[PDB]
Ligand SMILES: *[C@@H]1O[C@H](CO)[C@@H](O[C@@H]2O[C@H](CO)[C@@H](O[C@@H]3O[C@H](CO[C@H]4O[C@H](CO)[C@@H](O)[C@H](O[C@H]5O[C@H](CO)[C@@H](O)[C@H](O)[C@@H]5O[C@H]5O[C@H](CO)[C@@H](O)[C@H](O)[C@@H]5O)[C@@H]4O)[C@@H](O)[C@H](O[C@H]4O[C@H](CO)[C@@H](O)[C@H](O)[C@@H]4O[C@H]4O[C@H](CO)[C@@H](O)[C@H](O)[C@@H]4O)[C@@H]3O)[C@H](O)[C@H]2NC(C)=O)[C@H](O)[C@H]1NC(C)=O
Ligand SMILES: C[C@]12CN(C(=O)OCc3ccc(OC(F)(F)F)cc3)C[C@@H]1CN(C(=O)c1ccc(S(N)(=O)=O)cc1)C2
Ligand SMILES: [Ca+2]
Ligand SMILES: [Cl-]
Ligand SMILES: [K+]
Ligand code: NA
Ligand SMILES: [Zn+2]
């Protein structure tokens, strides 16, 4: 109930919300059915439109007008945005040359440059180039300020998950808004685009920027605008707020546009109808900048122009139907569209089985345009699993397609030509970032980055301490002229041991054998030096990784590789090796096929054993440093040490062997040498974070050898590929992956073919940031380079995407 009989007199777009049944005058009262009776009349004036004309100049203040052209309007803070242009012979902001803003130029009483976030729904990254002729204001912001060629949204690339990720710095799995539509089984409640449940605070986790600001004494404009408030009015309201007295004036503001998304859905991302929405957004940017200029704020405010996601061509006819795969289609609930999420229609039905639903959906049709996953098997880069609102069964839908339950769902609901929501690596899903103002750099292009990073930067812009989030604070320092955040490297928590030779061969009873009993003073000081770290500068190029948790581990040196060997997990946490352009690939000699050798530096009690692998009929083993890349027949024996062994399903060994035999050398050839760090990952609770030992769900049968959920590799080289990886004077180039360690290759539909037809495709799908690996392992990489730490942070957030131009 609202007693809608109070009044908005002098309260129009009030900043503090009043509590029902008292009537509201804030920019959200409409959405709650709570506005006072006179809200439209007082607060939503439209008379005479949005612009001054020659004949309105110096008019007598008529309070009924939408905006004003009277002499007193500047001091009132309510002129039309083109007032000075029409009536005072001023130029529009867009017509002025750009001039570097070296320092904030702010009216007296401003304690900090205000921040204005101008968010545009569905603004695909290529609109910047393709619509440039019709967006002169946006283009000026872009070329004069700091811009990225695109910004990566989060998955799913829908509006709510992305705007709330912008506001919090969190992955959807952590902030809780995991789609535009959700069921939370704990609440037994559903979240929908339409309706009232979405307003309940229990959906919205983390701490969004407006709450972070308020808690730390920085006042915020109210971020959300009711759909019926026209754009012109939103701008005028922001401009009016900026005229409040110092003690009342917010420092941070948000504008949101439903365009171009609204039209993109109807006409497709490049429909001829899309030009007008782009012109109209540009005109709105023009109104804001002209309005700031009138208030002498155009060289004081930092403006961020940011999108939530792009838009792809998608039509009704490109829909896959679950009714073409499943017999039991009525026993499931599907969240449909550009992603799929499946659960049982009824929790009382004990005949529901996810294993058989997944199998019925797996590689069933030659050109199948979706792929089913258990959520924990989704690419780790999507960070889309650790939330009870995310159903166990997920369908990743190919770009340009939909998934629906039954045909009736599509024609009893072609309307649309655009949609979005797909995998956040998809080119058409990328969106925009421009920063313009005193605190951003001048005429600077920065590489693409992810929208989870922006919260930290928005906090830096406002002098706020960010709540804990998934950005990597300092990774976007290169966007900023000042207010940079200068982090220190995390402290190493565990120091390694450096074991020498301590065990005799006969102390080991591991059930392992090797054909290695064949017998030199010249070459015997040589082997000793190698085991003491003589070649370590070659193979460990960026320092050893730091272990950021409490554990017991040994550094092990070898001719061709160095490893940090965990006495707790019985295998390396990391193995580091460098492969030059010139390196040669050899085979595993016949006599050494099943060779595993005790490591006399490491106790039998802290070693794996071959008997466990023999007994475990499902599980085989692989090696972290690849025997194929040994530098000499003699060095090859090191690759067969029990301390280089890791557990691997036979199906996974197909993947791993092709990576090690073919791909590593291919990259070294293409990149002029590579440094590789590989290792296991254990993430049994799929939270993106390193497991402790007591979280491990699977061991090699009859042993304490834990089975990894994933294997990573970090592959580093010189960005200037004229220099070899091991003699690089400047910036680095990296690509990484986190491959799922699975007992089958059901994910790859072409896996009965030769590994040259499917393995690299699988690896590309599981591309990762070094930072993703850092979370999953508790390791910190690149500790010793000649590069600045912020540069290294940017490198650690880099994702190699494998999309074309
Ligand atoms: C991305 O960045 C984010 C933010 O930094 C990272 O997420 C953090 O990770 C931490 C480790 O997982 C986690 O710390 C835990 O906090 C628990 C208290 O949680 C509440 O308080 C915070 C602070 O305000 C709040 O943010 C939380 O909000 C969550 O939950 C509500 C709903 O309940 C949601 O509205 C909200 O969206 C958010 O949900 C997300 O996180 C939760 C986990 O908290 C997930 O379950 C959800 O799926 C969702 O993803 C909370 O309101 C605290 O209780 C934990 O302490 C336990 O573990 C420690 C280990 O140190 C142990 O010693 C303690 O005893 C305790 O164990 C006890 O409880 C266990 C479980 O019941 C039980 O098994 C034991 O026996 C014990 O009884 C823990 O410290 C932190 O909460 C989140 N923060 C956020 C916002 O998500 C994230 O990791 C980053 N991602 C990556 C890949 O890097
Ligand atoms: C919620 C809302 C955005 N809103 C609003 O005023 O937002 C202000 C804001 C600005 C910046 C923020 O973050 C920051 F500053 F950090 F960048 C956060 C919020 C009103 C719109 C209603 N909405 C929809 O109806 C809607 C629209 C489209 C889709 S779809 N089909 O997925 O495209 C789905 C739903 C979206
Ligand atoms: Ca984990
Ligand atoms: Cl959704
Ligand atoms: K076996
Ligand atoms: Na297969
Ligand atoms: Zn949309």
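Numbers in chain A track Swiss-Prot; the residues on display, in order, are 51-463, 468-573, 576-591, 617-886.
In case you wondered, yes, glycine gets a Cβ from its N, Cα and C as well.
Annotation source Swiss-Prot lists active site, nucleophile at 209. In the three-state DSSP reading, residue 209 (active site, nucleophile) counts as helix.
According to its DSSP assignment, residue 474 (1-hexadecanoyl-sn-glycero-3-phosphate binding site) is coil. Here the Cβ of residue 474 (1-hexadecanoyl-sn-glycero-3-phosphate binding site) has 30 other Cβ atoms within 10 Å, regardless of which shown protein chain they belong to. Among the features that Swiss-Prot reports, 1-hexadecanoyl-sn-glycero-3-phosphate binding site is placed at 209, 230, 311, 474.
The feature disulfide bond is assigned by Swiss-Prot to 58-75 (among others), with experimental evidence given as support. DSSP assigns residue 75 (disulfide bond) to coil, not to a helix or a strand.
What Swiss-Prot records for 73-86 (among others) is disulfide bond. Remark: residue 86 (disulfide bond) has 54, 55, 56, 57, 58, 73, 74, 75, 79 as non-local neighbours, by Cβ distance under 8 Å and separation of at least 6 in sequence.
The Cβ of residue 85 (disulfide bond) lies under 8 Å from the Cβ of 54, 58, 73, 74, 75, 79, each of these being in the same chain and 6 or more residues away along the sequence. Under the DSSP three-state reduction, residue 85 (disulfide bond) is assigned to strand. The disulfide bond annotation in Swiss-Prot covers 79-85 (among others), and the record cites experimental evidence as its basis.
Marked as disulfide bond by Swiss-Prot on the basis of experimental evidence: 102-119 (among others). Classification of residue 119 (disulfide bond) by DSSP places it in coil, neither helical nor stranded. Within 10 Å of the C-beta of residue 119 (disulfide bond) we count 24 further C-beta atoms, all protein chains included.
According to Swiss-Prot, the feature disulfide bond maps to 107-137 (among others). Cβ contacts within 10 Å of residue 107 (disulfide bond), excluding its own Cβ and spanning all protein chains shown: 14.
Taking a C-beta cut-off of under 8 Å and a sequence gap of six or more, residue 130 (disulfide bond) has these contacts in its own chain: 100, 101, 102, 116, 117, 118, 119, 123, 136. According to Swiss-Prot, the disulfide bond annotation covers 117-130 (among others), on the basis of experimental evidence.
What Swiss-Prot records for 123-129 (among others) is disulfide bond, and it gives experimental evidence as the kind of evidence. All protein chains considered, the CB of residue 129 (disulfide bond) has 27 other CB atoms within 10 Å. Residue 129 (disulfide bond) carries a strand DSSP state (E or B).
Among the features that Swiss-Prot reports, disulfide bond is placed at 156-350 (among others), with the record citing experimental evidence. Taking the Cβ of residue 350 (disulfide bond) as reference, residues of its chain lying under 8 Å away and at least six apart in sequence are, in sequence order, 154, 155, 156, 157, 160, 163, 164, 342, 491, 492.
DSSP assigns residue 468 (disulfide bond) to coil in the three-state reduction, placing it in neither a helix nor a strand. Taken from Swiss-Prot, the feature disulfide bond applies to 366-468 (among others).
Annotation source Swiss-Prot lists disulfide bond at 566-691 (among others), citing experimental evidence. A simple way to gauge crowding: the CB of residue 566 (disulfide bond) has 21 other CB atoms within 10 angstroms, across all the protein chains here.
Here Swiss-Prot flags 568-676 (among others) as disulfide bond, drawing on experimental evidence. Annotation note: residue 568 (disulfide bond) sits in a coil segment as assigned by DSSP.
Same-chain residues at least 6 positions away in sequence with a Cβ under 8 Å from that of residue 799 (disulfide bond) are, in sequence order, 752, 753, 754, 805, 806, 809, 810, 811, 812, 813, 814. Positions annotated as disulfide bond by Swiss-Prot: 799-809 (among others).
Residues annotated as domain 'SMB 1' in Swiss-Prot: 54-97. Long-range Cβ contacts of the domain 'SMB 1' (54-97) within its own chain (Cβ-Cβ under 8 Å, at least 6 residues beyond either end) map to 112, 114-116, 249, 269, 271-272, 274-279, 283-284, 287, 290-291, 298, 300.
The N-linked glycosylation site annotation in Swiss-Prot covers 398 (among others). A 10 Å cutoff on Cβ-Cβ distances gives residue 398 (N-linked glycosylation site) a total of 7 other Cβ atoms nearby, all chains included. Mapped onto three states, the DSSP output places residue 398 (N-linked glycosylation site) in coil.
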Completion exercise
Same-chain residues at least 6 beyond the ends of the region 'Required for secretion' (854-875) with CB under 8 Å of its CB atoms are 430, 501, 503, 526, 528-532, 538, 540-544, 546, 623-630, 654-655, 758, 760, 762, 764, 769-771, 791, 793, 795, 810, 812-813, 817, 819
Handout entry: Straight-line distance in Å that links Cα of residue 573 with Cα of residue 576 while 2 residues remain unmodelled
Key = 8
Practice task
With 4 residues left unmodelled between residue 463 and residue 468, could you check how far apart their Cα atoms sit, in whole angstrom?
Solution key: 10
Practice task
To the nearest whole angstrom, state the Cα distance for the pair residue 311 (1-hexadecanoyl-sn-glycero-3-phosphate binding site) and residue 209 (active site, nucleophile).
Solution key: 9
Problem - Residue from 209, 230, 474 whose C-alpha is spatially nearest that of residue 468 (disulfide bond), among the recorded positions - result: 474
Practice task
Anything from the recorded positions 85, 311, 350, 568, 831 with its Cβ under 6 A from ligand 7? List those in sequence order.
Solution key: 311
Fill in the blank from the handout: Looking at the disulfide-bonded residues 58, 73, 75, 366, 468, the one with the fewest other Cβ atoms inside 10 Å is 468
Exercise for the section: Could you state the whole-number distance in Å separating the C-alpha atoms of residue 831 (N-linked glycosylation site) and residue 209 (active site, nucleophile)? Expected result: 34
Completion exercise
Hits among 117, 230, 311, 350, i.e. recorded positions with CB under 6 Å from ligand 2, come out as 230, 311
Exercise for the section: Using DSSP with the three-state reduction, classify residue 691 (disulfide bond) as helix, strand or coil. Expected result: helix
